[PDB]
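The form deposited in one PDB entry is given below as one chain in structure tokens.
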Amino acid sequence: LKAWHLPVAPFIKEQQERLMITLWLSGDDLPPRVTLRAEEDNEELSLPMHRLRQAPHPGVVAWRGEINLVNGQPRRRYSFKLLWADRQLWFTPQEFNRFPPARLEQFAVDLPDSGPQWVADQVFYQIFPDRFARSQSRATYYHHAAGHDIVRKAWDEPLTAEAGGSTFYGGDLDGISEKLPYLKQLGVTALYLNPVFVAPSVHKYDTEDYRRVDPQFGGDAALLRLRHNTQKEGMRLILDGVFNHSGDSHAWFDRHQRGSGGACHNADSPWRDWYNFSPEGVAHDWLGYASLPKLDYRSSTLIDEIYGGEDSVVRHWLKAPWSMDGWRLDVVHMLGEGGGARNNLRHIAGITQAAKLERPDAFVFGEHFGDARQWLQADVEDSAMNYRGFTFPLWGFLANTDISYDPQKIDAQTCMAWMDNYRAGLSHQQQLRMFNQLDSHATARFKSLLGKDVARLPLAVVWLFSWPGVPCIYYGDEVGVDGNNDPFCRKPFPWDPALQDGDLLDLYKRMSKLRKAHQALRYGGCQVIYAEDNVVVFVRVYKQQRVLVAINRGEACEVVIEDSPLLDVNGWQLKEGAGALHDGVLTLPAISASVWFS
């Protein structure tokens, strides 16, 4: 017995106020009855399915059911219950289940979809502003929390482990504006910036002013110019939102007493209850870093300040003149009340809600190195940096390592089971906007982690653009900068072409062009078709189009592909890689990734 279904056309269709669901079956002992188990207002329905007269493909029987859309919540959960005279079987996103699947791991489709529908059409690019580009028409000071002065470096000076948070290479926002032709050439349609608000450090998560741009990055006018320039090029712009904590130099806290009335040294401070202090007066902070005092969201006036009121921080940067396209939420998982994560989901949902109030298509997504499913399944944020669902599976399959840099020996079965299990908890519209990356400012460069297996790096690039979700390039990855974690993952961008991997850059260019050309790589479902040892083969499915991806991490080999109704096409046109498909046989060169259209 075999089955096929994906939460997208050709399997689902919306007519009037109904959602038609179609299931494909093949085998010698097919069920005479099939139930479409759909959920309406958390009540499980037993919707009868009927056999379609026309076979969609040779040897395949089609069953069809309807979901009434006039009632119930937008997220449409459903699964298939195959019925024999003496037994039953479930078909789910994770194949066949002999016992009922988790309610939150069925197929799911958001109708109507109130999410930011533009995210799926994007190719993101993360910029650590100080290390990207100095402007054409471009000063030390004492970093109190660091204990020494900041140090200015020449753009070609090697990056040392000393004074990591106080070393500035001078990149600014106008330098980003001046390099927009490069980014547009690469295929980038959206930018995510690390913190750019007034802050003493170089990374600037130690926020000192949530209402002004740091002058070193060019100040308010540089960001307003970048917003106008990105709008002209039709490019989206996301700012880094640091709301779990402030900087200890912020006026609300002011450990260094740069003014008066700060909560650190004044018990009668107006913001004394915006932080959590010991009976002896030491402030709670983020993971022991005294420069990042944790904000206490039990305060109803802090809530009003951050997202509650019309004049709040979250909404301030989403309206004119700023009109940013949303927030990337830093430490989204620990934000809460009383020095910890109490009521975390309630405040994250309130942050997102305030964002959509000012900007209905605002995009709010948080940094989750862990399991983000409880946040996403409660709709407290639009998406999440998909470390559990994409990044760390690739770190293990390709780089033999994980989040803690512990050894990892996983094959294709474990990797796709890992990857398919995570998606199973998400609706299709959620999967299409999951924020996928290979590395960031908070990790070692993925090129470094590959070690002796750098040759696999193109495979992860092809994978980054073909797995469900939106791709994000960490600045410099496309030209091949490497290095270990903070501070060495933030090298200055090598603008000298002799210091650039031009072949890696062209691969990034081709993949974004393929994603822009084919709807399946932006809206299509995803069926893993082969996952054994060194080889992974999946297909994207949208309407009548298909995109086949075949990734081989090891030596050259052949893989026979069983006949599948998903793969019944006029023919395949190789668009990328050196693979070859003929009569269901996959000839894959060593360390290869290949893509097919039609």
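All residue numbers refer to positions in the sequence shown, first residue = 1. Only residues modelled in both forms are compared. If you superpose the two forms and keep the largest set of C-alpha atoms that fall within 1.5 Å, you have the rigid core.
Enquirer: How many residues sit between residue 138 and residue 139 in the deposited sequence but have no coordinates: none, 1 to 3, 4 to 9, or 10 or more?
Expert: The entry leaves 4 to 9 residues without coordinates here.
Enquirer: Which wins on mean Cα temperature factor, 146-154 or 396-404?
Expert: For C-alpha atoms only, the mean B-factor is higher in 146-154.
Enquirer: Which has the higher mean CA temperature factor in the PDB entry, 182-190 or 273-281?
Expert: Result of the comparison: 273-281.
Enquirer: Taking the Cα B-factors listed in the entry, which of 434, 472, 378, 264 comes out highest?
Expert: Top of the list by C-alpha B-factor: 264.
Enquirer: Among 429, 300, 391, 106, which residue carries the highest C-alpha B-factor recorded in the PDB entry?
Expert: The listed residue with the largest C-alpha B-factor is 300.
Enquirer: Split the chain's modelled residues into thirds by Cα B-factor; is residue 64 in the lowest, middle or highest one?
Expert: As the PDB entry reports it, the C-alpha B-factor of residue 64 lands in the middle third of its chain.
Enquirer: How does the C-alpha B factor of residue 365 compare with the rest of the chain: lowest, middle or highest third?
Expert: Lowest third, going by the recorded CA B-factors of the chain.
Enquirer: Comparing residue 252 with the other modelled residues of its chain, is its CA B-factor in the lowest, middle or highest third?
Expert: It falls in the top third of the chain.
Enquirer: Residue 234: which third of its chain by C-alpha temperature factor?
Expert: Tercile = middle for this residue's CA B-factor.
Enquirer: According to the PDB entry, is the CA B factor of residue 519 in the bottom, middle or top third of its chain, that is, lowest, middle or highest?
Expert: Its C-alpha B-factor belongs to the middle third of this chain's values.
Separately, the form deposited in another entry exists; it is not shown, and the next lines address it.
Enquirer: Quick check on the comparison between this form and the one not shown: with the core aligned, only one of 337, 379, 501, 285 should show a Cα shift of at least 2 Å. Which one is it?
Expert: The listed residue whose C-alpha shifts by at least 2 Å is 285.
Enquirer: Which bits shift between this form and the one not shown if the core is lined up, counting only runs of three or more residues where every C-alpha moves 2 Å or more?
Expert: Only one moving run appears between this form and the one not shown, namely 280-287.
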